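Here is the structure we will look at, set down as structure tokens.
Bear in mind these aren't lab numbers, they're just calculated from the coordinates by the rules spelled out. Counting neighbours? That spans all protein chains shown, and the Cβs are built from the backbone with ideal geometry, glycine included.
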Amino acid sequence: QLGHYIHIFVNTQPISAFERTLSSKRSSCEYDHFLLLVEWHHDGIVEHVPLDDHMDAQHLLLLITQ
Amino acid sequence: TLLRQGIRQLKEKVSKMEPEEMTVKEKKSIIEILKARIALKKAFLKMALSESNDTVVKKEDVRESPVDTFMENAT
Amino acid sequence: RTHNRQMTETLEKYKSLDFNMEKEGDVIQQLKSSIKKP
């Protein structure tokens, strides 16, 4: 328009409220750990949009900017 | 805890609009120092939070369900 | 003989008889004994 961008990565969300509240059976104490990331930028804000296939290339460029 | 009774008890400690107030209320401010450090008694979190702790409760309320079922398989 | 007496006596347990699944009835065992509870 004159950067203005989204870096893409990997996330973690440990929280004890689900973590050790079960643990040692159907909730592993470790994960350990990694997910997904898509950070909107420019200016002064970062969307944390859900990241789930099925997906198309256009969406992050579009829907976010929509 | 002590604060809980201390609200209802600091309630009527006040004595009219007269300067009878602060003569006791400065020592009450000392009590406010004491309770200010009673806040230190609760300086850290145990179990998470309501309702996240309550979510743990309901989590137990789902976790109790197998307990009420497998006994049916005793024979 | 130990496998005899012991596996046979233990054939009946909290699981009852090992045939307690009753084949097709055991298809309901994951539900009628479980999901049916309310």
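Annotation note: Cβ proximity below 9 Å between a residue of the range A:14-43 that is away from chain B (no Cβ under 14 Å) and under 30 Å from A:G3 (Cβ atoms) and a residue that is small (G, A, S) and part of a loop (DSSP other than H, G, I, E, B) (sequence gap 6+ or interchain) occurs for A:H41/A:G3; A:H42/A:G3.
Only one residue in A:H41, A:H48 is in contact with a strand residue (DSSP E or B) (Cβ under 8 Å, 6 or more places away or on another chain) and under 28 Å from B:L49 (Cβ atoms), so which one is that? Show your work before the answer.
Working: A:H41 fails: under 28 Å from B:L49 (Cβ atoms).
The unique qualifying residue is A:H48.
Among residues of the range C:5-38 being under 11 Å from B:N73 (Cβ atoms) and part of a helix (DSSP H, G or I), the one that is nearest to the other protein chains (Cβ to nearest Cβ) is C:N20. Take B:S52 and tell me if it is at the interface with another protein chain (Cβ under 10 Å from one of its Cβ atoms), surrounded by 11 or more Cβ atoms within 10 Å (Cβ to Cβ) and closer than 30 Å to C:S16 by Cα. Criteria not met by B:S52.
For the criterion of being surrounded by fewer than 11 Cβ atoms within 10 Å (Cβ to Cβ), assigned to a helix (DSSP H, G or I) and within 14 Å of another protein chain (Cβ to nearest Cβ), B:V62 passes. Restricting attention to the range B:3-21, the residues that are surrounded by 11 or more Cβ atoms within 10 Å (Cβ to Cβ) and in a helix (DSSP H, G or I) total 6.
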